[PDB]
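Taking it in order: structure first as structure tokens, then the write-up.
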Amino acid sequence: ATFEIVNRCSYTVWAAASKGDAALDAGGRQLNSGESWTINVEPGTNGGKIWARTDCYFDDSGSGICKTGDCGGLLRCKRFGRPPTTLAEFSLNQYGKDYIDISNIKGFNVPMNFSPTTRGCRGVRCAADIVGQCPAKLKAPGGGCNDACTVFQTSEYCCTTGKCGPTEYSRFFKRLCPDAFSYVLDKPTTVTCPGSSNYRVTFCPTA
């Protein structure tokens, strides 16, 4: 499957693409404002994620740091990024279907549109100003809005027992982005696409 990753932000982001134990394609790249990066994701890829990283410094070897979504100091992510990270999440060719979503479960750094570029389903978007509205206790100093699980490390926020409810904090994410997961047991906003759909992830779709 092809993913076009477009940075419509006025600021540089460092795109990342990982399935948690491995890079997707190159796994990361600098996107200046307006730049597009096309990656190939193996069919059957399960638990793929795409995210943006902000305020990165990388040396000549691809080692450094981001203020959001840092994946162990690498330009080319092999691992998932450090919250806060707005997540494009996908499982491809799962019994003839693709499953896509946006998640705020790991917080929010950069607004995002996650849309198919092929026919047969709709995109999802989380483009509200979650950083601007972020409750005081979830504000990440580096930039972004942490989920409550990252900040407080409770069973209720992290849903550790597999039993938990919405929270004041999950409802803030859900109110600003109803089409994204706000907590682990949120009513699914997963979209079902045809197997082997192609996609565009757009950072700062509107701004």
Side-chain angles (χ1 to χ4, degrees), residues 1-17 24 28-39 41 48-56 66-70 77 81-90 98-136 138-147 150 169-183 186-193 197-207:
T2 81
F3 288 74
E4 196 180 50
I5 311 175
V6 180
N7 184 22
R8 186 170 304 146
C9 308
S10 61
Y11 52 78
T12 301
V13 302
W14 284 257
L24 299 184
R29 217 204 82 178
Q30 183 173 326
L31 272 55
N32 299 329
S33 184
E35 293 192 326
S36 297
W37 179 36
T38 294
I39 65 172
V41 173
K49 297 187 203 303
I50 287 157
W51 68 104
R53 301 166 286 169
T54 53
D55 297 290
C56 309
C66 311
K67 291 213 195 173
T68 70
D70 189 64
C77 301
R82 186 169 187 284
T85 50
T86 321
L87 294 172
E89 308 183 307
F90 50 91
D98 295 355
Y99 296 98
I100 69 172
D101 67 79
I102 295 172
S103 179
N104 289 140
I105 289 164
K106 298 268 152 197
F108 179 100
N109 60 341
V110 171
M112 162 188 290
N113 183 96
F114 184 16
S115 292
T117 52
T118 50
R119 58 160 146 278
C121 54
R122 69 186 195 97
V124 280
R125 185 177 282 205
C126 172
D129 185 12
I130 283 163
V131 180
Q133 296 304 350
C134 173
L138 307 181
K139 261 191 280 204
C145 185
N146 289 308
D147 65 284
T150 295
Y169 292 129
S170 78
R171 287 180 187 97
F172 157 79
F173 288 94
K174 199 53 171 185
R175 177 172 66 77
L176 268 63
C177 285
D179 300 334
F181 285 84
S182 68
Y183 79 102
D186 208 348
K187 190 160 107 93
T189 46
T190 306
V191 168
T192 300
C193 300
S197 298
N198 296 322
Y199 304 91
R200 184 178 287 115
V201 181
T202 311
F203 307 120
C204 294
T206 62

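Counting begins at 1 with the first residue of the sequence. The figures here come from the full heavy-atom set of this structure, side chains too, leaving out hydrogens, waters and symmetry mates.
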Between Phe108 and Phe173, does the ring-ring contact (aromatic ring centres under 6.0 Å, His included) criterion hold? Intermediate values first, please. CA-CA 9 Å; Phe108 179 100; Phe173 288 94; 7.6 Å; no

Between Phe172 and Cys134, the two heavy atoms sitting closest are CZ-CA, 3.6 Å

List the steps, then state whether side chain to side chain contact (heavy atoms under 4.5 Å, CB included) holds for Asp98 with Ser197. CA-CA 7 Å; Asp98 295 355; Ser197 298; 3.4 Å; yes

Distance in Å, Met112 CE paired with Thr86 OG1, rounded so as to fall on 0.5 Å steps: 5.5 Å

Can you list everything that forms a side chain to side chain donor-acceptor pair (under 3.5 Å) with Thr202? Sequence neighbours excluded, please. none

Does one side chain, of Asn32 or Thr12, offer a donor that lies under 3.5 Å from an acceptor on the other? yes

I want to check something: taking the side chain as every heavy atom from C-beta on, are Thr192 and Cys121 in contact at a cut-off of under 4.5 Å? no

Do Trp37 and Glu4 touch side chain to side chain, with heavy atoms closer than 4.5 Å? no

Donor-acceptor contact present, side-chain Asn109 to main-chain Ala52, <3.5 Å: yes

Taking all atoms of both residues into account, what is the closest heavy-atom pair of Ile50 and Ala17, and its distance? CG1-CB, 3.8 Å

Could you check whether any side-chain heavy atom of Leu176 comes within less than 4.5 Å of a side-chain heavy atom of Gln133, counting everything from C-beta outward? yes

Just wondering, do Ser170 and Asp186 contact through their side chains at under 4.5 Å, heavy atoms? no

Heavy-atom side-chain contact between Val124 and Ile102 under 4.5 Å: yes

If you look at every heavy atom in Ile100 and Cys193, which pair is closest and at what distance? CD1-SG, 3.9 Å

Test side chain to side chain contact (heavy atoms under 4.5 Å, CB included) on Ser36 and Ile5; report intermediate values, then the result. CA-CA 6 Å; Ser36 297; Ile5 311 175; over 6 Å; no

Just so I know, are the side chains of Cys145 and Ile130 near enough to count as touching, which here means a heavy-atom distance under 4.5 Å? yes

Keeping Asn7 on the side-chain end and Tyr11 on the backbone end, is there a donor-acceptor pair under 3.5 Å? yes

Output the distance between atom SG (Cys126) and atom NZ (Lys174), rounded to the nearest 0.5 Å. 10.0 Å

Donor-acceptor side-chain pairing of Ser10 and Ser33 below 3.5 angstrom: no

I'd like to know if the side chain of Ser103 reaches the main chain of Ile105, judged simply by a donor and an acceptor atom lying under 3.5 Å from each other, with no hydrogens or angles considered. yes

Not counting sequence neighbours, which residues clear side chain to side chain donor-acceptor pair (under 3.5 Å) with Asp101? List them please. none

For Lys106 versus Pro83, what's the shortest heavy-atom pair and its separation? O-CB, 3.2 Å

Could you tell me which non-hydrogen atom of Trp51 sits nearest to which non-hydrogen atom of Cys77, and how far apart they are? CZ2-SG, 3.8 Å

If every non-hydrogen atom of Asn198 is compared with every non-hydrogen atom of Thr2, which pair is closest and at what distance? OD1-N, 2.8 Å

Side chains of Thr150 and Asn146, donor plus acceptor under 3.5 Å: no

Do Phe114 and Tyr199 make the cut of ring centroids closer than 6.0 angstrom? yes

Got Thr189 and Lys187 here, is their nearest side-chain heavy-atom distance under 4.5 Å? no

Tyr169 and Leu138: side chain to side chain contact (heavy atoms under 4.5 Å, CB included), yes or no, with the steps? CA-CA 8 Å; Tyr169 292 129; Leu138 307 181; 3.6 Å; yes

Is a side-chain donor or acceptor of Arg53 paired with a backbone partner of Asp70 at a separation under 3.5 angstrom? no

Salt bridge check, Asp179 against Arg125: does any charged N sit closer than 4.0 Å to a carboxylate O? no

Run the ring-ring contact (aromatic ring centres under 6.0 Å, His included) test on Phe90 and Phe3 for me, step by step, so that the C-alpha distance in whole Å, both residues' side-chain angles and the decisive distance to 0.1 Å come before the verdict. CA-CA 11 Å; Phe90 50 91; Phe3 288 74; 4.5 Å; yes

Heavy-atom side-chain contact between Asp147 and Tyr183 under 4.5 Å: no

